[PDB]
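First comes the structure, then the notes that go with it.
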Ligand SMILES: CC(C)c1cnc(Nc2ccc(S(N)(=O)=O)cc2)s1
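Numbering (the entry's author numbering), first residue to last: 1 to 36, 46 to 148, 164 to 298.
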């Protein structure tokens, strides 16, 4: 840690504080995440998980019970790009590129039995060359949380990351968050008002989950034509399969890569002001 000089504070999360820093031996610019056993073991297995659409973990430094993670540095996150793109909107061929790349990253991690668990725009990082990357994997916001987690399930699957990415796809298209809940119950009821209250017809087993109550209000489903209007029929069809209630029926990352929405995918470059 005597090897690194802090340049500036980037920002914060639940776990820690992030700084831009410079390595005095290599000259290199990096990102440094500061946190105040089995944990060390599992974090260290991530040093071995390398893919062009995952932010690289360079090292783990454990000194005096403080833990520091050293990452490759990118110049902007997706939340800042969306805010700056607000009056014009992100062009459709760039939205489609970013979605395709993120599904490549997920298909890779899910084949090694690794889950992200906290996907949101602040955890997605971009560069000037047109790439987008998954960042800062989990071992605060409720807006991107899957319904099986909110209903109390303890042994949830890779399917929770597909739900989150669907919520993010809709947000890029409309320029507003899809389900902006402000407590656990408000998050759940916001999903139910849009997609309909789930029952045994659409999700076998749902009434037996730990936090399910027979007194939930009964709301009717709405058409996806009203949920994401500017999107074509191929894109609406894919989004609908990423937001199915039953996690066994929800589309996998590998299957989604084969959907007809990606028949004409390209790689455009963004306009960034750094
Ligand atoms: C910790 C790690 C995953 C990061 C790597 N590179 C980072 N860079 C970074 C740059 C700019 C912005 S922001 N909010 O757009 O000004 C946010 C993050 S964070």
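All C-beta atoms, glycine included, are put in the ideal place defined by N, C-alpha and C.
First and last residue of the alpha helix (DSSP H) that includes residue i?
i: residue 24; result: First-last for residue 24: undefined, no H or E at that position.
i: residue 215; result: 208-219
i: residue 49; result: 47-53
i: residue 240; result: Taken as a continuous stretch (DSSP letters only), residue 240 belongs to no alpha helix (DSSP H), as it is neither H nor E.
i: residue 280; result: 277-281
i: residue 259; result: 257-266
Name the DSSP beta bridge partners of residue i, please?
i: residue 86; result: 134
i: residue 77; result: 34, 70
i: residue 197; result: In DSSP, residue 197 forms no bridge with anything.
i: residue 129; result: Residue 129 pairs with nothing; no bridge assigned.
i: residue 17; result: 12, 34
If you reduce the DSSP assignment to three classes, tell me which class residue i lands in.
i: residue 33; result: strand
i: residue 205; result: coil
i: residue 156; result: Placed between 148 and 164 in the numbering, residue 156 has no coordinates, as the chain goes from one to the other without interruption by modelled residues.
i: residue 99; result: coil
i: residue 57; result: helix
i: residue 142; result: strand
i: residue 170; result: coil
i: residue 94; result: coil
i: residue 114; result: helix
i: residue 119; result: helix
i: residue 230; result: helix
i: residue 40; result: Looking at the chain, the numbering goes 36 and then 46, which leaves residue 40 without any coordinates in this model.
i: residue 162; result: The structure shown gives no position for residue 162: in the chain, residue numbering passes from 148 to 164 with nothing in between.
i: residue 107; result: helix
Which whole-angstrom value is the C-beta distance of residue i and residue j, which I expect to be below 8 Å?
i: residue 184; j: residue 124; result: 7 Å
i: residue 105; j: residue 289; result: 6 Å
i: residue 38; j: residue 214; result: No atoms are given for residue 38, which sits in the stretch of the chain between 36 and 46 that the model skips.
i: residue 32; j: residue 69; result: Wrong, their Cβ atoms sit about 12 Å apart, outside the cutoff.
i: residue 168; j: residue 188; result: 4 Å
i: residue 62; j: residue 114; result: 4 Å
i: residue 269; j: residue 222; result: 5 Å
Could you spell out where the beta strand (DSSP E) holding residue i opens and where it closes?
i: residue 63; result: Per DSSP, residue 63 belongs to no beta strand (DSSP E) and is neither H nor E.
i: residue 251; result: Not the beta strand (DSSP E): residue 251 falls in the alpha helix (DSSP H), residues 248-251.
i: residue 9; result: 4-12
i: residue 178; result: From DSSP, residue 178 is part of no beta strand (DSSP E); its letter is neither H nor E.
Given 8 Å as the limit, tell me if residue i has its C-beta closer than that to any heavy atom belonging to ligand 3.
i: residue 190; result: Ligand 3 is not part of the structure shown, which contains ligand 1 as its ligands.
* Under 6 Å from any heavy atom of ligand 1, by CB: list those residues in chain order, please. => 10, 11, 18, 31, 33, 64, 80, 82, 83, 84, 85, 86, 89, 134, 144, 145
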